[PDB]
Amino acid sequence: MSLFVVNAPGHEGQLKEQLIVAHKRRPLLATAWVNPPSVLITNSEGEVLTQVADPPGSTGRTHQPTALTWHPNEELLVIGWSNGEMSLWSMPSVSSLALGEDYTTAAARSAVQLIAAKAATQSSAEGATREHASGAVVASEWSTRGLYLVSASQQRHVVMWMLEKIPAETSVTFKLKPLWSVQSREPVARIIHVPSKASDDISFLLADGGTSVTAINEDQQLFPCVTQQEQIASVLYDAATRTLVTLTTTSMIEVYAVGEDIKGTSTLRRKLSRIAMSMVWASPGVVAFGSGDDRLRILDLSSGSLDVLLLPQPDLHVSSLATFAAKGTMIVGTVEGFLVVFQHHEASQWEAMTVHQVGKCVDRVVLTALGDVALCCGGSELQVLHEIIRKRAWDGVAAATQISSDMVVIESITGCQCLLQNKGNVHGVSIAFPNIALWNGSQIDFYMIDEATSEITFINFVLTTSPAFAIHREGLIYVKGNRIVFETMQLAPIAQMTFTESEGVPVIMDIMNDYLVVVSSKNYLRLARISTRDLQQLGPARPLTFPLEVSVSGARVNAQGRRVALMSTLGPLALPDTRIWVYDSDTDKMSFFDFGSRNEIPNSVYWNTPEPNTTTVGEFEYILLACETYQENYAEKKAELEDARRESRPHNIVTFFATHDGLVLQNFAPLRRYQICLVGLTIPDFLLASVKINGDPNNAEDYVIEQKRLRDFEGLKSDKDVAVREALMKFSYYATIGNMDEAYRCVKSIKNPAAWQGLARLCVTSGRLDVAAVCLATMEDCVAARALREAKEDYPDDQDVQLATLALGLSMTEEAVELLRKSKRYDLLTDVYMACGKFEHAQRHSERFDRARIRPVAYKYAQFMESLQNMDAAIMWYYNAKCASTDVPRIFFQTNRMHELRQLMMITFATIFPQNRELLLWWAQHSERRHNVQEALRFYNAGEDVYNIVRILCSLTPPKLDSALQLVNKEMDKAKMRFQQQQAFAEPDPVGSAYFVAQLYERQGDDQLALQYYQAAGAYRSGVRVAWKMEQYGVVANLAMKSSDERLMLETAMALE
Amino acid sequence: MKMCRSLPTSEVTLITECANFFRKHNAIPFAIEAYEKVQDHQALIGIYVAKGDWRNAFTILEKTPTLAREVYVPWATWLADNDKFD
């Protein structure tokens, strides 16, 4: 998280939209004002250096500065006025003094820059009004090497100016001499330069806002380069690839390739689907533009594909654009007053880094050399915004968090809260309760905190420019020169220590409890112990090795003064780095961890901060490190809806265990949008600064010091016991290092079941089971214990299913379903999906992966509706489970809805039920129960159940033998059809119903017919008993052996005798 | 195919290997005819169970009863693909 400190140096005049100029490399900035017309020259951070009034020789008339331009290398400014004159503002160079290299601090360099700019000179170029024909100088442009100047007036004239850098006795002066006098069609809106070689030649382009883009070279002729059918709006040029882009007022863009003679050939032509359109270079070969709408548009010249970069907030309209190619940041300014900063990791590769709300109509956005954002807003308002990190501090009693340019919220865990507004800005904050101190560059102001009356009593200031300072209970430590001085709150000098220039100047100073860490500008680190009288240094300076240029930006020290966490930045532009550095001074070892693998960039890193008069803190609590980084279930959500309403780039609070064997990743925790920042670590409680309920982040009062328990400290809300807490710390440490046996040993002495559920979760994540049985048995959770025991009994060869069962018992659902996806067990996964009240997921999983447990899903839904007593869906879901022969009749009979079933079966329910075969057979059986024989026969015929029809027909009085014989012979013909098909592919299938017919003949003496129909039916046992009748015994053979029934053959062998 | 038919009857055996080139060329009927002239039934069974045709595959199975698992295993999965688990 970052915030833009705002400097708004007012001027008596009115600001101009496009008249802000920023030097590319030197931290300089200048802008024009009118009535009274002047120019304000300021540094990158926004402090005013100088102001320059009307050009020399003016006869009482103030002249409006109409054009400004910076020299690409020299700290030289050129100003074209409105009366035809031209002036050059030049300050004496700092390096001409040939002083020492003691300018290692920004404040000293700013001071020498200011004292150099005080004696600056504004020189007049002779005869400028003659060359511009008494016309206002509309535009100006230096060459790439800064040797040639081009000026354009309002009288349609273009003049070439030669720069002569002559040496003098004390400095180097500059003379501008006119060379040409070139006529233009219209006053030139923009002058661009083309270099001969990609990285002294004459190659310029002039755009006058009309239908002409006139090139010019050393030939002194204004030959056009490219002319289009419409009036041009703007031109955007890439010097490295010599790529020109012409944009018209009608949302038309053309891409040209500039040759040696400044001639363009069209290769990419495109159309875009009051604020004038703006267009800037987002990346080499990638152009970003906006048409005053809510969307950005990004064009890739290499591929020709145009994408739209969306803004989630409606009503926003882009007003101006700028880009910083060094870090890849676009600064979108809006009419409302919203500044959006985009940082690179074609539209999918960009992201919104941050959002800022200045709150005024942004006329123009400019970017200085160091990355500061100058803003012309409100017509006559200049605001320089400098990105600084959120300066937050915590001592052990209260937290002081910076939330704006100057507002600081100081709040304690006891309920005390107060607001601090510094007279100047805020750059550093140090708290050692009740002492508070703020550093704003030039001076450090230290006050007290009156907790009883919520007052802040100002003690005093020290006029020091040290970037490193720290206030303590006994006094304040601040750097002054090459030395550091530790004093009291009443400016009583207690001690001081001095360092040589070869040892550098301290840049980082961090104190906590009674330990101090000092880091210089050349990676020199010193650790010391503060006392009541002296500062006992522990060892000499130690160099550190980092396996462009690495500069350490921050240093934190644990409460032992033994291990140091280090934040470093890359390059002179201070690009944040994705590495955390841990240094063990006692063992003199250097370890690091990379945040690039997690796609995260850190902001701050914090050690554990023990409370005052609390000496029961072990070294495992001291080695813990915390850092902030940034990249069907209807009665379920309402339980956490209170938290969801308490909610009214992602945050990652990540904690490591700093080990002498290396850095081990302990735990990770996402945050929410109302938890703005982490102010420090107070074991076992995170100290996230948060906004209150239904609050606003920009409000100063709307801030509370929120305290959330660690993810490894579940179930410990008393925060009183010490032995349990330290044993849990050791358990977490041994779980992270993988020493699960020592974790078991540590939790064995803990009577809190929270340690046991932590160990059970560790067993889930480590594949341990017999220890997990003890974990479940210690928490008095017999449900999970018996579930694990049955899982072991049912699956003795699979530990994955047992682990999934344990995780499900431990309220770990997502881990369990992922494990069961890994473990192939889709049926158990479907059962779990049903058991969590998600029948839609069960249906999808059944229809996608395992298409064999969809009937259980339907049946379980039917039972769910039956218990819910929504029978309208219960009946249709019992039908969908293909169990309409046992359950839908049951659900009709039990609810006494028999009349509706009778009406349904008499022939949404009537569309499906009457034609179902199983329902018809059930109703036939039910009517046969009611002795309604004829209705049963009718329904059996409608359901095509030959066995039951033959049984009833043969059981009737008189027996309807003819139709029974017809059906029996039809089934015999079907069986013979099957056997003939089998033989053509190369004793048919017996027909059971024929058995009944034989029984009739068995009661009528028709022995031969009874035997024939028994044999056709497959009644070998009855075949024997009917073969015994007259005399035949061979027919007894070939029957028993067909059944492979040993008893039959045995008995026949006995009976043959 | 013209070359394979130009290979004489005693040289049909190498056509078996030539039939492999018909699968990589997605020439199914050419592979079938080459194999039936080869009298290679395992690869014919493989082609038939890959194309989903079962009548010819089962006739071939009845010709050589030893290759039953070469057809039943692809069919048992295929029946499970059409929800015929019974």
# chains A, B, ... in the order shown; residues from 1 in each chain; ligands from 1
>>> interface_residues(of="chain B", to="chain A", cutoff="9 Å", atoms="only C-alpha atoms", output="PDB file with C-alpha atoms, in the first residue's frame")
ATOM      1  CA  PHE B  58     -18.216 -60.980 -32.789  1.00  0.00           C
ATOM      2  CA  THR B  59     -18.212 -63.054 -35.984  1.00  0.00           C
ATOM      3  CA  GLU B  62     -16.591 -66.839 -33.024  1.00  0.00           C
ATOM      4  CA  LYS B  63     -13.990 -67.726 -35.656  1.00  0.00           C
ATOM      5  CA  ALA B  80     -20.572 -48.601 -19.210  1.00  0.00           C
ATOM      6  CA  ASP B  81     -20.411 -45.594 -21.545  1.00  0.00           C
ATOM      7  CA  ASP B  83     -25.244 -46.767 -18.940  1.00  0.00           C
ATOM      8  CA  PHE B  85     -24.224 -51.508 -16.077  1.00  0.00           C
TER       9      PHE B  85
END
>>> residues_around(residues="residue 37 of chain A", least_positions_apart="3", cutoff="12 Å", atoms="only C-alpha atoms", output="short mmCIF file (atom, residue, chain, number, x, y, z; two decimals) with C-alpha atoms, in the first residue's frame")
data_model
loop_
_atom_site.label_atom_id
_atom_site.label_comp_id
_atom_site.auth_asym_id
_atom_site.auth_seq_id
_atom_site.Cartn_x
_atom_site.Cartn_y
_atom_site.Cartn_z
CA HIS A 11 0.93 31.19 -7.04
CA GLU A 12 -0.66 34.60 -7.54
CA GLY A 13 -1.40 33.79 -11.20
CA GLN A 14 -3.42 31.17 -13.06
CA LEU A 15 -1.97 27.81 -14.08
CA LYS A 16 -1.84 26.70 -17.71
CA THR A 31 5.35 25.57 -14.99
CA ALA A 32 3.83 28.85 -16.15
CA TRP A 33 1.39 31.26 -14.51
CA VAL A 34 -0.53 34.24 -15.90
CA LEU A 40 7.73 28.52 -11.09
CA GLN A 51 10.26 31.97 -9.60
CA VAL A 52 11.14 34.03 -12.68
CA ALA A 53 9.12 37.12 -13.61
CA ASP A 54 8.79 39.04 -16.93
CA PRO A 55 11.77 38.87 -19.32
CA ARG A 61 4.24 45.26 -19.40
CA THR A 62 4.11 41.77 -17.91
CA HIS A 63 4.47 39.13 -20.63
CA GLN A 64 2.79 35.73 -20.53
CA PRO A 65 5.15 32.73 -20.78
CA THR A 66 3.71 30.86 -23.75
CA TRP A 81 6.95 34.66 -24.03
CA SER A 82 3.89 36.30 -25.59
#
>>> closest_residue(among="A:50, A:7, A:732, A:283", to="residue 425 of chain A", atoms="only C-alpha atoms")
A:7
>>> residues_around(residues="segment 37-51 of chain B", least_positions_apart="3", cutoff="10 Å", atoms="only C-alpha atoms", output="PyMOL selection string")
chain B and resi 5+9-17+19-20+23+28-29+31-34+54-61+63-64+66-68+70-75+78
>>> decode(residues="segment 162-195 of chain A", atoms="N, CA, C and O atoms", output="PDB file, in the first residue's frame")
ATOM      1  N   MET A 162      20.624  28.134 -32.749  1.00  0.00           N
ATOM      2  CA  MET A 162      21.861  27.439 -32.441  1.00  0.00           C
ATOM      3  C   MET A 162      22.299  27.772 -31.023  1.00  0.00           C
ATOM      4  O   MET A 162      22.292  28.939 -30.617  1.00  0.00           O
ATOM      5  N   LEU A 163      22.677  26.738 -30.278  1.00  0.00           N
ATOM      6  CA  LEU A 163      23.112  26.866 -28.895  1.00  0.00           C
ATOM      7  C   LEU A 163      24.634  26.853 -28.831  1.00  0.00           C
ATOM      8  O   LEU A 163      25.272  25.920 -29.327  1.00  0.00           O
ATOM      9  N   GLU A 164      25.207  27.883 -28.213  1.00  0.00           N
ATOM     10  CA  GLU A 164      26.647  27.998 -28.032  1.00  0.00           C
ATOM     11  C   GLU A 164      26.938  28.017 -26.540  1.00  0.00           C
ATOM     12  O   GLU A 164      26.502  28.933 -25.833  1.00  0.00           O
ATOM     13  N   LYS A 165      27.665  27.007 -26.068  1.00  0.00           N
ATOM     14  CA  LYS A 165      28.013  26.862 -24.655  1.00  0.00           C
ATOM     15  C   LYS A 165      29.425  27.408 -24.472  1.00  0.00           C
ATOM     16  O   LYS A 165      30.414  26.704 -24.676  1.00  0.00           O
ATOM     17  N   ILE A 166      29.519  28.674 -24.080  1.00  0.00           N
ATOM     18  CA  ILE A 166      30.822  29.320 -23.944  1.00  0.00           C
ATOM     19  C   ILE A 166      31.262  29.283 -22.485  1.00  0.00           C
ATOM     20  O   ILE A 166      30.433  29.428 -21.574  1.00  0.00           O
ATOM     21  N   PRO A 167      32.547  29.072 -22.213  1.00  0.00           N
ATOM     22  CA  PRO A 167      33.031  29.102 -20.833  1.00  0.00           C
ATOM     23  C   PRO A 167      33.349  30.513 -20.367  1.00  0.00           C
ATOM     24  O   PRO A 167      33.729  31.392 -21.143  1.00  0.00           O
ATOM     25  N   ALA A 168      33.184  30.720 -19.062  1.00  0.00           N
ATOM     26  CA  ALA A 168      33.485  32.009 -18.453  1.00  0.00           C
ATOM     27  C   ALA A 168      34.435  31.829 -17.278  1.00  0.00           C
ATOM     28  O   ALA A 168      34.976  30.738 -17.071  1.00  0.00           O
ATOM     29  N   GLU A 169      34.650  32.899 -16.509  1.00  0.00           N
ATOM     30  CA  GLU A 169      35.574  32.828 -15.382  1.00  0.00           C
ATOM     31  C   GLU A 169      35.058  31.899 -14.289  1.00  0.00           C
ATOM     32  O   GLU A 169      35.832  31.136 -13.701  1.00  0.00           O
ATOM     33  N   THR A 170      33.754  31.946 -14.005  1.00  0.00           N
ATOM     34  CA  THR A 170      33.182  31.189 -12.901  1.00  0.00           C
ATOM     35  C   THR A 170      32.165  30.135 -13.314  1.00  0.00           C
ATOM     36  O   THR A 170      31.915  29.213 -12.530  1.00  0.00           O
ATOM     37  N   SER A 171      31.577  30.235 -14.503  1.00  0.00           N
ATOM     38  CA  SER A 171      30.537  29.301 -14.916  1.00  0.00           C
ATOM     39  C   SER A 171      30.570  29.171 -16.434  1.00  0.00           C
ATOM     40  O   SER A 171      31.481  29.673 -17.100  1.00  0.00           O
ATOM     41  N   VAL A 172      29.573  28.482 -16.981  1.00  0.00           N
ATOM     42  CA  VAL A 172      29.422  28.292 -18.419  1.00  0.00           C
ATOM     43  C   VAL A 172      28.112  28.946 -18.835  1.00  0.00           C
ATOM     44  O   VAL A 172      27.047  28.602 -18.307  1.00  0.00           O
ATOM     45  N   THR A 173      28.187  29.881 -19.774  1.00  0.00           N
ATOM     46  CA  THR A 173      27.010  30.592 -20.248  1.00  0.00           C
ATOM     47  C   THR A 173      26.583  30.062 -21.612  1.00  0.00           C
ATOM     48  O   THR A 173      27.332  29.363 -22.299  1.00  0.00           O
ATOM     49  N   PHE A 174      25.354  30.399 -21.992  1.00  0.00           N
ATOM     50  CA  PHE A 174      24.750  29.895 -23.216  1.00  0.00           C
ATOM     51  C   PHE A 174      24.234  31.053 -24.055  1.00  0.00           C
ATOM     52  O   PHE A 174      23.626  31.990 -23.530  1.00  0.00           O
ATOM     53  N   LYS A 175      24.481  30.981 -25.361  1.00  0.00           N
ATOM     54  CA  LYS A 175      23.992  31.970 -26.312  1.00  0.00           C
ATOM     55  C   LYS A 175      23.163  31.277 -27.383  1.00  0.00           C
ATOM     56  O   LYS A 175      23.571  30.240 -27.916  1.00  0.00           O
ATOM     57  N   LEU A 176      22.003  31.848 -27.693  1.00  0.00           N
ATOM     58  CA  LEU A 176      21.102  31.311 -28.705  1.00  0.00           C
ATOM     59  C   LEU A 176      21.107  32.249 -29.904  1.00  0.00           C
ATOM     60  O   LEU A 176      20.752  33.426 -29.777  1.00  0.00           O
ATOM     61  N   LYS A 177      21.505  31.726 -31.062  1.00  0.00           N
ATOM     62  CA  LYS A 177      21.646  32.529 -32.267  1.00  0.00           C
ATOM     63  C   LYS A 177      20.674  32.058 -33.340  1.00  0.00           C
ATOM     64  O   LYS A 177      20.638  30.859 -33.650  1.00  0.00           O
ATOM     65  N   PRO A 178      19.869  32.948 -33.915  1.00  0.00           N
ATOM     66  CA  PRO A 178      18.965  32.532 -34.993  1.00  0.00           C
ATOM     67  C   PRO A 178      19.727  32.184 -36.261  1.00  0.00           C
ATOM     68  O   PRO A 178      20.769  32.767 -36.571  1.00  0.00           O
ATOM     69  N   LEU A 179      19.191  31.214 -37.001  1.00  0.00           N
ATOM     70  CA  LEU A 179      19.795  30.777 -38.254  1.00  0.00           C
ATOM     71  C   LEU A 179      18.889  30.987 -39.457  1.00  0.00           C
ATOM     72  O   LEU A 179      19.306  31.614 -40.438  1.00  0.00           O
ATOM     73  N   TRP A 180      17.659  30.483 -39.412  1.00  0.00           N
ATOM     74  CA  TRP A 180      16.767  30.469 -40.563  1.00  0.00           C
ATOM     75  C   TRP A 180      15.573  31.388 -40.322  1.00  0.00           C
ATOM     76  O   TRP A 180      15.467  32.066 -39.297  1.00  0.00           O
ATOM     77  N   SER A 181      14.669  31.405 -41.303  1.00  0.00           N
ATOM     78  CA  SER A 181      13.354  32.027 -41.149  1.00  0.00           C
ATOM     79  C   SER A 181      12.411  31.275 -42.084  1.00  0.00           C
ATOM     80  O   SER A 181      12.333  31.591 -43.274  1.00  0.00           O
ATOM     81  N   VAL A 182      11.700  30.290 -41.541  1.00  0.00           N
ATOM     82  CA  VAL A 182      10.881  29.372 -42.324  1.00  0.00           C
ATOM     83  C   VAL A 182       9.417  29.736 -42.129  1.00  0.00           C
ATOM     84  O   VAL A 182       8.962  29.928 -40.996  1.00  0.00           O
ATOM     85  N   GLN A 183       8.683  29.833 -43.235  1.00  0.00           N
ATOM     86  CA  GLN A 183       7.263  30.145 -43.203  1.00  0.00           C
ATOM     87  C   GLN A 183       6.446  28.867 -43.071  1.00  0.00           C
ATOM     88  O   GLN A 183       6.743  27.856 -43.713  1.00  0.00           O
ATOM     89  N   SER A 184       5.419  28.917 -42.228  1.00  0.00           N
ATOM     90  CA  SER A 184       4.507  27.803 -42.032  1.00  0.00           C
ATOM     91  C   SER A 184       3.095  28.219 -42.422  1.00  0.00           C
ATOM     92  O   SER A 184       2.778  29.407 -42.519  1.00  0.00           O
ATOM     93  N   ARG A 185       2.249  27.217 -42.664  1.00  0.00           N
ATOM     94  CA  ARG A 185       0.864  27.490 -43.035  1.00  0.00           C
ATOM     95  C   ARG A 185       0.076  28.034 -41.850  1.00  0.00           C
ATOM     96  O   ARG A 185      -0.646  29.030 -41.972  1.00  0.00           O
ATOM     97  N   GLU A 186       0.208  27.394 -40.697  1.00  0.00           N
ATOM     98  CA  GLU A 186      -0.457  27.760 -39.457  1.00  0.00           C
ATOM     99  C   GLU A 186       0.573  27.738 -38.340  1.00  0.00           C
ATOM    100  O   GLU A 186       1.647  27.146 -38.494  1.00  0.00           O
ATOM    101  N   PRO A 187       0.297  28.402 -37.215  1.00  0.00           N
ATOM    102  CA  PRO A 187       1.175  28.252 -36.048  1.00  0.00           C
ATOM    103  C   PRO A 187       1.277  26.793 -35.627  1.00  0.00           C
ATOM    104  O   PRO A 187       0.279  26.074 -35.558  1.00  0.00           O
ATOM    105  N   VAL A 188       2.502  26.362 -35.341  1.00  0.00           N
ATOM    106  CA  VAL A 188       2.787  24.946 -35.134  1.00  0.00           C
ATOM    107  C   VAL A 188       2.359  24.543 -33.729  1.00  0.00           C
ATOM    108  O   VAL A 188       2.791  25.144 -32.739  1.00  0.00           O
ATOM    109  N   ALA A 189       1.503  23.524 -33.641  1.00  0.00           N
ATOM    110  CA  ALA A 189       1.063  23.031 -32.341  1.00  0.00           C
ATOM    111  C   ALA A 189       2.143  22.209 -31.649  1.00  0.00           C
ATOM    112  O   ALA A 189       2.358  22.359 -30.442  1.00  0.00           O
ATOM    113  N   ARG A 190       2.834  21.339 -32.385  1.00  0.00           N
ATOM    114  CA  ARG A 190       3.814  20.447 -31.781  1.00  0.00           C
ATOM    115  C   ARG A 190       5.021  20.281 -32.693  1.00  0.00           C
ATOM    116  O   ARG A 190       4.878  20.127 -33.909  1.00  0.00           O
ATOM    117  N   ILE A 191       6.210  20.304 -32.093  1.00  0.00           N
ATOM    118  CA  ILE A 191       7.470  20.098 -32.799  1.00  0.00           C
ATOM    119  C   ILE A 191       8.117  18.836 -32.243  1.00  0.00           C
ATOM    120  O   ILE A 191       8.364  18.740 -31.035  1.00  0.00           O
ATOM    121  N   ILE A 192       8.393  17.874 -33.123  1.00  0.00           N
ATOM    122  CA  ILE A 192       8.980  16.599 -32.738  1.00  0.00           C
ATOM    123  C   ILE A 192      10.313  16.449 -33.460  1.00  0.00           C
ATOM    124  O   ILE A 192      10.549  17.059 -34.503  1.00  0.00           O
ATOM    125  N   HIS A 193      11.192  15.622 -32.894  1.00  0.00           N
ATOM    126  CA  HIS A 193      12.516  15.386 -33.453  1.00  0.00           C
ATOM    127  C   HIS A 193      12.686  13.921 -33.831  1.00  0.00           C
ATOM    128  O   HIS A 193      12.136  13.026 -33.184  1.00  0.00           O
ATOM    129  N   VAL A 194      13.459  13.690 -34.887  1.00  0.00           N
ATOM    130  CA  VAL A 194      13.814  12.355 -35.348  1.00  0.00           C
ATOM    131  C   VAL A 194      15.322  12.201 -35.212  1.00  0.00           C
ATOM    132  O   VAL A 194      16.065  13.041 -35.721  1.00  0.00           O
ATOM    133  N   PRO A 195      15.817  11.171 -34.533  1.00  0.00           N
ATOM    134  CA  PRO A 195      17.260  10.931 -34.484  1.00  0.00           C
ATOM    135  C   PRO A 195      17.751  10.126 -35.677  1.00  0.00           C
ATOM    136  O   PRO A 195      17.046   9.281 -36.231  1.00  0.00           O
TER     137      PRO A 195
END
